[PDB]
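J.: A structural model of the following input is requested.
(chains A, B, C and D, ligands or ions: 11)
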Amino acid sequence: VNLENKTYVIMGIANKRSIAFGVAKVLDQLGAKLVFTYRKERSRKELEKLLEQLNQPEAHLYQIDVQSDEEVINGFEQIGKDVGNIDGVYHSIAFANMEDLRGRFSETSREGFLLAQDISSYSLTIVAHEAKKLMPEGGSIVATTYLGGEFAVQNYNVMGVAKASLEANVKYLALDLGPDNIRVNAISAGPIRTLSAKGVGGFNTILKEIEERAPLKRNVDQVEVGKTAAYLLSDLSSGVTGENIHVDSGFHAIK
Amino acid sequence: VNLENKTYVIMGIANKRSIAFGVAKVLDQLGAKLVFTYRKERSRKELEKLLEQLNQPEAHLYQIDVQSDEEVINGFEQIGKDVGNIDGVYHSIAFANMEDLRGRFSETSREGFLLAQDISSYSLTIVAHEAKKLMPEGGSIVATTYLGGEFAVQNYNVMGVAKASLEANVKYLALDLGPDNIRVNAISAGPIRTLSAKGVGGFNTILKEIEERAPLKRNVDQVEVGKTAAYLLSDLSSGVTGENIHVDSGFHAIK
Amino acid sequence: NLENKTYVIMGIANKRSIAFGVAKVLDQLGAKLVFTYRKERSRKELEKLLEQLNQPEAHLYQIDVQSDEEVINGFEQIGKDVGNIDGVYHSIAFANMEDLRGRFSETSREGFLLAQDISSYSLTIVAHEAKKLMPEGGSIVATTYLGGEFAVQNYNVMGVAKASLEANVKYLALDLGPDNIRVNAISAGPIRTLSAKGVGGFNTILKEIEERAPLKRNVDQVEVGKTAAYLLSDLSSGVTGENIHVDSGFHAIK
Amino acid sequence: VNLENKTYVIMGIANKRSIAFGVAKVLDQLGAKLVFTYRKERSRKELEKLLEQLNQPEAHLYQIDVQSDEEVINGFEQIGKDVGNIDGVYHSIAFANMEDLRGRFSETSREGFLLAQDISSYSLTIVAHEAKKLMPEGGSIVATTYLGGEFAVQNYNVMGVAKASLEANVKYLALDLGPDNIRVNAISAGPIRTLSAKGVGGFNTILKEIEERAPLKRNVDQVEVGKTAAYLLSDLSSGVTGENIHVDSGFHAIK
Ligand SMILES: NC(=O)c1ccc[n+]([C@@H]2O[C@H](COP(=O)([O-])OP(=O)(O)OC[C@H]3O[C@@H](n4cnc5c(N)ncnc54)[C@H](OP(=O)(O)O)[C@@H]3O)[C@@H](O)[C@H]2O)c1
Ligand SMILES: NC(=O)c1ccc[n+]([C@@H]2O[C@H](COP(=O)([O-])OP(=O)(O)OC[C@H]3O[C@@H](n4cnc5c(N)ncnc54)[C@H](OP(=O)(O)O)[C@@H]3O)[C@@H](O)[C@H]2O)c1
Ligand SMILES: NC(=O)c1ccc[n+]([C@@H]2O[C@H](COP(=O)([O-])OP(=O)(O)OC[C@H]3O[C@@H](n4cnc5c(N)ncnc54)[C@H](OP(=O)(O)O)[C@@H]3O)[C@@H](O)[C@H]2O)c1
Ligand SMILES: NC(=O)c1ccc[n+]([C@@H]2O[C@H](COP(=O)([O-])OP(=O)(O)OC[C@H]3O[C@@H](n4cnc5c(N)ncnc54)[C@H](OP(=O)(O)O)[C@@H]3O)[C@@H](O)[C@H]2O)c1
Ligand SMILES: CCCCCCc1ccc(Oc2ccccc2C#N)c(O)c1
Ligand SMILES: CCCCCCc1ccc(Oc2ccccc2C#N)c(O)c1
Ligand SMILES: CCCCCCc1ccc(Oc2ccccc2C#N)c(O)c1
Ligand SMILES: CCCCCCc1ccc(Oc2ccccc2C#N)c(O)c1
Ligand SMILES: N[C@@H](CCC(=O)O)C(=O)O
Ligand SMILES: N[C@@H](CCC(=O)O)C(=O)O
Ligand SMILES: N[C@@H](CCC(=O)O)C(=O)O
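T.: Residues are numbered from 1 along each chain as shown, chains lettered A, B, ... in the order given. Ligands and ions are numbered 1, 2, ... in the order given. And now the structure:
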């Protein structure tokens, strides 16, 4: 593309291995102004250190726990006060407990099921609503999903149902904001070594299955997700909404 | 398909228009012993009255609000004490607040979003968990979904996202409970005038458009969901699990 | 219960045909069965297989679906010999052996069109002809494989023919629905049939299903026929343009 | 997405309105070298006049009728001799007789059905086989489909079954050629006023409905298909294969 004079909000960089950091690098390289949101003080610390590798002349950092309507509302409001209107949001946030992930799915607790939904799916809805106010002439919103939202994948358990929820959330949001010229899409990333990935049982062996079985016979990386993100966040993908692009070496397409 | 010496639990008859009552008439007509569960007082009364149409020699009625683990745990425990091992469960339960079935999806409240997940999806997981205890030999579990879980349908809003979640729940339950010989499937019913259908904006429209546009050129009814449920709840459908069967006059197949 | 129901069953070759699984189940449910075979060999064979069933008579018709006239005259005769029918079970497909292994991208025009012709287009002509014999509606069921939905190694040109057959179903459903003819697919798991010898690495798939499918076991022709009973009968009123996976749950997992 | 020192074969321009000339304008814009294939001498004459609006310094025009193995085989071979190694093929080719694009699908002739399959689906397979010869390094093949491939759309009839075939063709080519680093994907375009769209009953109606019912509330144009083509044919889409991107204002996602 080329993304000068554009401003994107990126949510969910924890460290250098975060998918959303792959997005950040690509967008930053393409001329975009970036604004970053985080939950833990530690993620902010990592952000401050990761910005040195970037071209951003300014640190634009905001603490937003997507569990709190107040923090999302006040965050996006302060972002508009600081940078003005924006062109899109990359959503890269999910959560579930260990204790429910390494259960039989049937043994999942209600509080863990809903926690997963709340952070991993609902949060897009409220982010979309608040971000929309900073997009008076339209823009783009991308969330990150995984194929365990379309099929039942051993171990992914509660997070699979939260992804199914997220992928519909995208479709309903696309229907709703469409007339506002806001596009909403999902990237279905293949497995990537991240901090959150350490929490999913059997991650390593799925990695390996991908190399053996996927059409491109290899795994993907954060920058690949970031390149597809730039497509979805740019004018290149006008006409595309409610879509789910698999960035996964073609693994979605086989059995 | 003869069901004598089978026992099924049917969840979510409110009145004679309920989908689950379509299911009950079919199962009863085929010789099954039936247990029913309800939430409201008013629903148990309706059930008491509706039983006079059935061949069920006794009434097995249980109050189970699926918002409560204790009620589901204790309910299914009582069922096992009163009737013994069962052969399957029909789940016909969902809820969302009125203002979440119309206007704009992007303005869905967090509590409204999570409420719909809890009742309309999570409840399957917990029901399957407890119903399993009564199926040492294997059995069958069916839940009721709608096309709006697969596609954004105007006005179906927060329920669309809960049916997406429910549909994934079915897949993950099938994967989990499969080795125990417990099948888990969905019926995706077409629009049908029920009490809950009154909370969905634009329902009359969707009905007409089915008559005009679906293959069979006519809407379905509860008995037709019922005969598909009989198939899934019986040995006719051994080998079928994690499936979603559209009983919607072919509407799912066109565009 | 299918008493005074009459169904045409296409593609029995031997005791292991999926269509024989369907036959036994329908026969068991009291239905009258007409069979269609392709070459005289399957005739002496079929004749022997029906000594198992409860059919009082052999209604047996050679139809190679590569010929319009054999499909046209075939159904025309069935109507004269037996009267109106209640549905059709399609259990028919073909591809040349060299196209069912190695490299899809190396498939010949002729071998690709052959597969389309027999495995997909034949449904359309069968439906048009069979419709003439179901004035009050009826039910048509074809057999597919998950390979028409996902690319499955080795299945190759047959996967593109099945994808074709699954859309044919959709389109037959839309077109024939106002006549009350329902059209559906059963997507069967793998089963040791005569024709599955020709698919590369079929034994490797058989074992994957056992290891990985929700039911942790494979399916048989009888389970396929039980689901065909549902689809061919009134139990499945309301359901058309559908593809039901009788596959120990394999389609739902990745 | 800068495409200098890239070369793409664009198959199936007939006039200023062709979807493939959308692609061409876009790829040309981004600095690619372009090679055109046509069938009818009139499509060459049209290409020659449209070349004047491109920045291409030379005309590279081949006559390939994809019904001929020999013509595909010799066309591509020749292309290799003339411009050397290519980066991708954009396939924008389909055909069906007018009878079989209206009225009753069940009345499709054998001959019409195979003719649609041959031109509209099989051609991709042989084009990929021959084009693989000019991509020893890897590359990108994109074919043009329509939602009629995934659902029954009234009137689309024999072509929809041909587009199903094509979409599956894309999936199998992606499995087969992934190990050679050749990505194969499909763009599912919304309805667009072209020469070949004049053959399809009820085309005007579908246009109007997309406007009323699709999330963006507008039709897409050829240039929007080109912008997404540029993405699929470039490194921006490096982890994407066996995929189908709907450039259709959202329509695919709604029911
Ligand atoms: N890695 C993969 O294999 C893979 C594959 C497909 C899809 N995905 C999806 O990709 C996205 C990014 O995950 P990742 O793999 O990049 O892992 P990650 O680096 O661990 O990032 C996850 C992010 O989620 C944020 N988060 C969790 N709860 C939050 C909350 N309540 N409020 C605000 N932020 C919250 C974390 O912030 P804090 O650390 O500050 O708490 C962290 O930045 C997730 O949606 C994941 O499900 C990942
Ligand atoms: N009608 C349609 O067009 C349609 C189409 C597709 C799918 N569906 C689905 O079919 C199922 C049955 O709905 P329906 O149309 O038959 O409407 P219905 O008659 O209103 O039944 C809904 C039932 O859900 C029960 N329920 C709600 N919350 C509950 C809770 N917390 N605990 C226990 N029970 C609870 C209700 O019980 P109480 O009244 O006692 O509170 C009522 O029995 C639902 O899953 C619905 O989403 C309906
Ligand atoms: N077995 C599996 O794992 C599997 C799984 C999923 C789907 N299927 C499908 O199930 C169906 C039945 O196959 P099967 O596995 O049961 O194998 P089968 O016993 O070999 O039956 C296949 C039948 O197709 C008939 N046939 C082929 N071309 C014909 C033509 N041109 N005209 C008339 N009949 C023709 C064969 O006839 P002749 O012997 O007379 O040549 C044979 O009766 C096929 O559609 C197959 O694609 C099979
Ligand atoms: N327009 C739409 O709404 C729409 C929507 C989605 C997808 N599509 C698809 O987009 C692609 C391009 O179509 P279009 O709408 O842009 O129509 P178009 O401008 O009429 O182009 C169709 C092209 O197909 C070529 N063609 C037909 N048979 C051929 C053969 N045997 N060998 C070589 N070329 C052949 C034609 O070449 P000649 O004129 O020289 O014969 C023509 O250039 C097709 O796959 C179509 O199915 C169209
Ligand atoms: C067997 C599983 C296959 C590998 C899964 C690939 C994958 C890895 C990490 C993911 O991220 C999370 C996972 C669980 C809980 C929170 C997050 C977060 N954030 C994800 O969504 C998907
Ligand atoms: C967009 C209009 C399409 C017509 C929708 C068909 C339909 C009607 C009623 C349904 O039931 C509920 C709906 C909302 C809340 C609770 C329940 C319950 N129980 C349902 O799930 C689907
Ligand atoms: C790697 C794939 C695993 C096994 C696939 C299961 C399968 C077995 C047999 C099939 O039948 C045919 C196959 C080829 C040609 C004709 C027929 C016929 N008739 C089929 O369609 C699918
Ligand atoms: C029911 C109307 C649906 C709207 C149609 C969208 C559409 C328009 C034109 C298309 O192109 C062809 C159509 C038929 C035959 C050849 C070609 C070619 N080339 C296409 O594939 C799809
Ligand atoms: N993370 C480990 C532990 C999972 C478990 O034992 O449940 C794995 O790859 O499975
Ligand atoms: N149930 C009425 C009211 C809709 C509304 O305005 O919310 C309908 O949509 O026809
Ligand atoms: N072009 C006409 C076709 C006319 C017909 O098939 O009757 C239409 O828009 O349908």
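
J.: could you pull out the helices for chain A?
T.: A:19-29, A:41-50, A:69-83, A:98-101, A:110-117, A:123-132, A:157-177, A:203-213, A:222-233 (DSSP state H).

J.: From the contact counts, what lies against the shortest one?
T.: Secondary structure elements in contact with helix A:98-101, counted by 3 or more C-beta pairs under 8 Å, 6 or more residues apart in numbering or on different chains; DSSP states H and E, are helix A:110-117, helix A:157-177. C-beta: built from backbone N, CA, C; applies to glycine.

J.: Pick the most buried one from these.
T.: The highest average neighbour count among the helices and strands packed on helix A:98-101, using mean count of other C-beta atoms under 10 Å in any protein chain shown, belongs to helix A:157-177 at a mean of 29.

J.: Tally up the residues packed near residue A:60, please.
T.: 18 (other C-beta atoms under 10 Å in any protein chain shown).

J.: Next up, the contacts around it.
T.: Under the criterion of C-beta atoms under 8 Å, 6 or more residues apart in numbering or on different chains, the contact list for residue A:60 reads A:33, A:34, A:35, A:36, A:79, A:82, A:83.

J.: switch the cut-off to 6 Å
T.: Residue A:60 makes contact with residue A:35 under the criterion C-beta atoms under 6 Å, 6 or more residues apart in numbering or on different chains.

J.: Serialize the helices and strands packed on helix A:98-101 to a markdown table and add fields for distance to residue B:13.
T.: Putting the helices and strands packed on helix A:98-101 into a markdown table (distance: least, C-beta to C-beta, whole Å) gives the following:
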| stretch | distance to residue B:13 |
| --- | --- |
| helix A:110-117 | 24 |
| helix A:157-177 | 26 |
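
J.: Mind checking these for the one nearest to ligand 9?
T.: With C-beta to the nearest ligand atom as the criterion, ligand 9 lies closest to helix A:157-177 of those, at 10.6 Å.

J.: Are the closest one and chain B in contact anywhere?
T.: Yes - Helix A:157-177 comes into contact with chain B when judged by C-beta under 6 Å from any C-beta of the partner chain, the residues involved being A:160, A:161, A:164, A:165, A:168, A:169, A:171, A:172, A:175, A:176.

J.: what sits against the fourth one?
T.: The neighbourhood of residue A:165, defined by C-beta under 6 Å, 6+ apart, consists of A:117, A:121, B:161, B:164, B:165.

J.: If we use 10 Å, what do you get?
T.: A:116-117, A:120-122, A:124, A:145, A:149, B:113, B:117, B:121, B:149, B:160-169 (C-beta atoms under 10 Å, 6 or more residues apart in numbering or on different chains).

J.: of all the residues of helix A:157-177 next to chain B, which comes closest to residue B:88?
T.: Closest approach to residue B:88 among the residues of helix A:157-177 next to chain B (C-beta to C-beta): residue A:161, at 21.6 Å.

J.: Ignoring the adjacent residues along the chain, who's closest to the closest one?
T.: Using C-beta to C-beta, 6 or more residues apart in numbering or on different chains and skipping the chain neighbours, the partner closest in space to residue A:161 is residue B:168 (4.4 Å).

J.: re the thing from before, would you turn the helices of chain A into TSV with distance to residue A:90?
T.: Conversion of the helices of chain A to TSV gives the following (distance: least, C-beta to C-beta, whole Å):
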stretch	distance to residue A:90
helix A:19-29	5
helix A:41-50	14
helix A:69-83	14
helix A:98-101	24
helix A:110-117	20
helix A:123-132	10
helix A:157-177	13
helix A:203-213	23
helix A:222-233	6
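
J.: Deepest-packed of those, please.
T.: Note that of these, helix A:157-177 is the most buried (mean count of other C-beta under 10 Å), with a mean of 29.

J.: Next, see if that helix gets close to ligand 5.
T.: Yes - Helix A:157-177 is in contact with ligand 5 by C-beta under 6 Å from any ligand atom, via residue A:159.

J.: Ends of stretch A:142-161, what's the gap?
T.: Distance between the boundary residues of stretch A:142-161 (C-alpha to C-alpha, to the nearest Å) amounts to 19 Å.

J.: my bad, stretch A:108-128
T.: Criterion C-alpha to C-alpha; first-to-last residue distance in stretch A:108-128 is 29 Å.

J.: hmm, that stretch in reach of chain C?
T.: No - when contact is scored as C-beta under 10 Å from any C-beta of the partner chain, no part of stretch A:108-128 falls within range of chain C; the minimum is 17.2 Å.

J.: and that stretch, anywhere near ligand 1?
T.: Yes - on the criterion C-beta under 6 Å from any ligand atom, stretch A:108-128 is in touch with ligand 1 at residue A:119.

J.: Check whether that stretch comes near chain B.
T.: Yes - using C-beta under 10 Å from any C-beta as the criterion, contacts between stretch A:108-128 and chain B involve A:108-118, A:121-128.

J.: close to ligand 2, is that stretch?
T.: No - with C-beta under 6 Å from any ligand atom as the criterion, ligand 2 is not reached by stretch A:108-128; the gap is at least 12.2 Å.

J.: now that stretch, how far from the centre of its chain.
T.: Using C-alpha atoms, centre = their mean, to the nearest Å, the mean C-alpha position of stretch A:108-128 is found 14 Å from that of the whole chain.

J.: Please report how far whichever residue of chain A sits closest to ligand 7 lies from residue C:68.
T.: Across chain A, no residue is closer to ligand 7 than residue A:255, which sits at 9.4 Å (C-beta to the nearest ligand atom). Taking C-beta to C-beta, to the nearest Å as the measure, residue A:255 and residue C:68 are separated by 35 Å.

J.: And for residue A:254?
T.: Residue A:254 sits 36 Å away from residue C:68 when distances are taken as C-beta to C-beta.

J.: now do residue A:113
T.: Applying C-beta to C-beta, the value for residue A:113 to residue C:68 is 57 Å.

J.: do residue A:151 as well
T.: Using C-beta to C-beta, one obtains 41 Å as the distance from residue A:151 to residue C:68.

J.: Can you tell me which residues in the stretch 1-150 of chain A are near ligand 2?
T.: The stretch 1-150 of chain A comes close to ligand 2 at no residue, as judged by C-beta under 6 Å from any ligand atom.

J.: Residue of the stretch 1-150 of chain A nearest ligand 11, please.
T.: Counting by C-beta to the nearest ligand atom, the stretch 1-150 of chain A gets nearest ligand 11 through residue A:138, at 32.6 Å.

J.: give me the number of residues near that residue?
T.: By other C-beta under 10 Å, the residues close to residue A:138 number 17.

J.: Look up the closest residue to it, ignoring the ones flanking it.
T.: Leaving aside its sequence neighbours, residue A:138 sits nearest to residue A:181 (C-beta to C-beta, 6+ apart; 2.6 Å).
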